[PDB]
Amino acid sequence: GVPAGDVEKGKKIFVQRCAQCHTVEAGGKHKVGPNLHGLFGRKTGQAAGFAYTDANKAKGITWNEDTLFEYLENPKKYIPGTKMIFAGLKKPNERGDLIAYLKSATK
Ligand code: HEC
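Written out as C-alpha cells, the structure is:
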C-alpha cells in the first residue's frame with residue numbers, strides 16, 4: 048500500500064506542482080483543473096460544474112491513496128487522453144507526501 052506521508056512536505060509539492068491548476072478547499076474555484084474538495088472516495092469526473100474530458104469520465108475508478116499513487120506517477124498512462132498536462136511525480140516519497148496532504152486538505 049501507500050506509506051503515511053508528511054503533510055507539510057506534501058503541501059509544498061502541491062503549491063509548486065498542482066496549485067497552478069487546482070484548488071482543494073470546499074467551495075474553491077475551478078481553474079484549468081477541477082476543484083479537488085471531496086476527492087477521496089468519489090469517482091472520476093464528478094466535481095460539480097467542471098467540464099471533464101470523455102477520457103477522465105470513462106475511467107470510472109474511485110480516487111483513494113492507491114489510485115492516486117499510480118495516477119500521479121504518470122497521469123497519461125493511467126488515463127490516456129486526459130487533458131491534465133503534468134509529467135509525473137516519479138519519487139514514491141514525494142507522491143506519498145502529496146497524497147497525505149490531499150487526504151487532509153480535501154476532507
Ligand atoms: C494544469 C496544467 C494541471 C496541473 C499542473 C495539474 N493538473 Fe490535475 N487536472 C488538470 C485538468 C485539466 C484535469 C481534468 C482532466 C480531464 O481529462 O478532464 C485534472 C484532473 C486531475 C485529477 C482528477 C480529478 C477528478 O475529479 O477526476 C486529479 C486527482 C488531479 N488532477 C490531481 C492533480 C495533482 C495532485 C497535481 C499536482 C501533482 C495536478 N493535478 C497537476 C490540470 C492540471
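The sequence shown begins at 48 in the working numbering and counts up one residue at a time.
Beta carbons: idealized from backbone N, C-alpha and C, even for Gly.
- Comparing C-alpha distances from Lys90 to each of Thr70, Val71, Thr114 and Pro50 shows the shortest one belongs to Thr114.
- In terms of Cα proximity to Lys150, the closest of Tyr99, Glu112, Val79 and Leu136 is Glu112.
- With a cutoff of 8 Å, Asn103 counts as near the ligand HEC, since its C-beta is closer than that to a heavy atom of the ligand.
- Apart from the 5 residues on each side of it in sequence, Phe133 sits with its Cβ closer than 6 Å to the Cβ of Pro122 in its chain, given in chain order.
- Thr109 is bridged by DSSP to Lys90.
- For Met131 and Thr100, the gap between their C-alpha atoms comes out near 10 Å.
- Put simply, of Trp110, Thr129, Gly48 and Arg142 the residue whose alpha carbon is nearest the alpha carbon of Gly80 is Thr129.
- The alpha carbon of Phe116 has as its nearest neighbour, out of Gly96, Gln67, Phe97 and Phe87, the alpha carbon of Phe87.
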